[PDB]
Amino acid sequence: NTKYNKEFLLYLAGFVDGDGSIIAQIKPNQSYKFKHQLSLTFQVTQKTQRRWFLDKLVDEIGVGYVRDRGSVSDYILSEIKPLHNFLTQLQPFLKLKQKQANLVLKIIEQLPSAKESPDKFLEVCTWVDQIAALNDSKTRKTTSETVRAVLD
C-alpha cells in the first residue's frame, strides 16, 4: 500500500495519457465459474531502446514488470490490489484516461461480488464495455453481450 509522491504522479499521469493504456478484458476461459476471466491491465508502451524508462517505472511504482515484444516493450501491472492502490492515486491527475481508471477501480471493488451472481458478473462486464468504448478500441471481440452466452 505504497504512497506515491505527487510530482511523480503528475508527470506519469501525463505520460500515461500519452503512451499508456488502461485496459479491461473479458477472456473466455473454461476454468472459470462463468467461463470467462475478468482481466484488468495498466500498461505503458515504449520503443525498446527506451526500456530503461519502463524499467524505472517498475522500481518507482514498486510493482509490475516489463515485457519485451521486439522493437517495442511494455510496463505491465495487473495485480488487482497494487493496481487499485496505484490507480486511486494516479486517477485525479488523468485527463484523457481518468474515466477508464475510475471504471477499473469500480470493477476491482465489485470483483468478489460479481464472482457470485451471473447478473452481477454480467453487470461488471458492462463496465468493461464502457472502458473499451472510451479507448480507441479496434480489435475487440468478447463483450458483455457475448458473455450473455451464459443463458443455458
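For every residue, the number given is its place in the sequence shown, counted from 1.
**Q** Highest mean C-alpha temperature factor of the two stretches 140-148 and 9-17, which is it?
**A** Stretch with the higher mean C-alpha B-factor: 140-148.
**Q** Can you tell me which stretch has the higher mean Cα B-factor, 88-96 or 26-34?
**A** It is 26-34.
**Q** Sort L40, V66, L111, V44 by C-alpha B-factor from the entry and give me just the highest.
**A** That would be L111.
**Q** Among the modelled residues of its chain, does the C-alpha B-factor of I61 lie in the lowest, middle or highest third?
**A** Within its chain, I61 is a middle-third residue by C-alpha B-factor, going by the deposited values.
**Q** Sort the modelled residues of this chain by their C-alpha B factor and say whether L105 lands in the lowest, middle or highest third.
**A** Middle third.
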